[PDB]
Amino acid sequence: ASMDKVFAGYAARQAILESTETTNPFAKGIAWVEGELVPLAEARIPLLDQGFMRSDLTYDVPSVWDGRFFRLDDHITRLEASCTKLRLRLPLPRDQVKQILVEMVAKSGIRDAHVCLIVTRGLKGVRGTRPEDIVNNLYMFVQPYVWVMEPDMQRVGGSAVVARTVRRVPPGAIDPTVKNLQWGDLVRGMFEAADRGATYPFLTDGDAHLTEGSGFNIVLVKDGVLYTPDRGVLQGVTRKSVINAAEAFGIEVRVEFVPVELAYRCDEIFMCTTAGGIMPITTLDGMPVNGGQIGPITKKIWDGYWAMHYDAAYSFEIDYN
């Protein structure tokens, strides 16, 4: 049980960061706009950027934990794959982007962070001018680590519903493997969950199978096997990490079509995402999940995920001086 150790470390680092605020203007976050570094709350973008006027963009969000970047290359590679699918190009060389990110994290002093990169079409749409001519825009920022499930809730588990008033945008309309900020269905899902007295929405494909939630992938546990949707979802880096850990532990993972009915007969449920890690679900549609306690396989995955944050194969330490 690593929860106590992981969360006590975070609480201690948070107190040190809070002490810095009156002396460090970047302690609450730092942004890169047009090559200049500014405090996050002061960052501004042009109103006419097509990332605002058509959400014509992609983004990605690696993280820093205890001063160690977690799987940064995997996130940059995914960002480049998303850009390719949208006919965008990352505006700076990949090695230069990584040094800028490390430099931003060091200036902020933040040890537990989310690091967001956004690539937009730019100030003009393609139809007026030839594509090579158009100029894509890049925005980057570092912020204190964000929780889809707060630490004290991970100790108990959260409540979820299978959404009935909304379903996930299908891949032949918007490709969910392209990480994006067009959250119309996901925001509807969050309002529905609150209306029904629960915290998290699980969205279907509108054809009796599960996809993904408002900012996380979904994993079901049944008879010692993990199940998680293949089509219709982001290929999450936390999900990839869950697969690495399960394979090291000898637990089978099936990435395939997951019927909605399995969610009502399984042994454990958890969500996974970079903004929070491994997040247990213990009631679904108001009913306890197999008794309502956090399950043994969820616990083993939770411990294994956080151990990977100190493994040289998945992380590297930032020099803050």
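Numbers for residues come from their place in the sequence shown, where the first is 1.
For the pair 6-14 and 295-303, the record assigns the higher mean C-alpha temperature factor to 6-14. The stretch 68-76 shows the higher mean C-alpha B-factor when 174-182 is compared against 68-76 in the entry. As recorded in the PDB entry, 99 shows the highest C-alpha B-factor of the residues 165, 99, 211, 159. Taking only the listed residues 230, 192, 207, 247, the entry reports the highest CA temperature factor at 247.
Annotation for residue 32: CA B-factor lies in the highest third of the chain's modelled residues. Ranked within its chain, residue 254 lands in the middle third, by CA B factor from the PDB record.
Looking at the C-alpha B-factors along this chain, the one for residue 26 belongs to the highest third. The deposited CA B-factor of residue 131 belongs to the highest third of values across its chain.
Sort the chain's modelled residues by C-alpha temperature factor and residue 151 lands in the middle third, per the entry.
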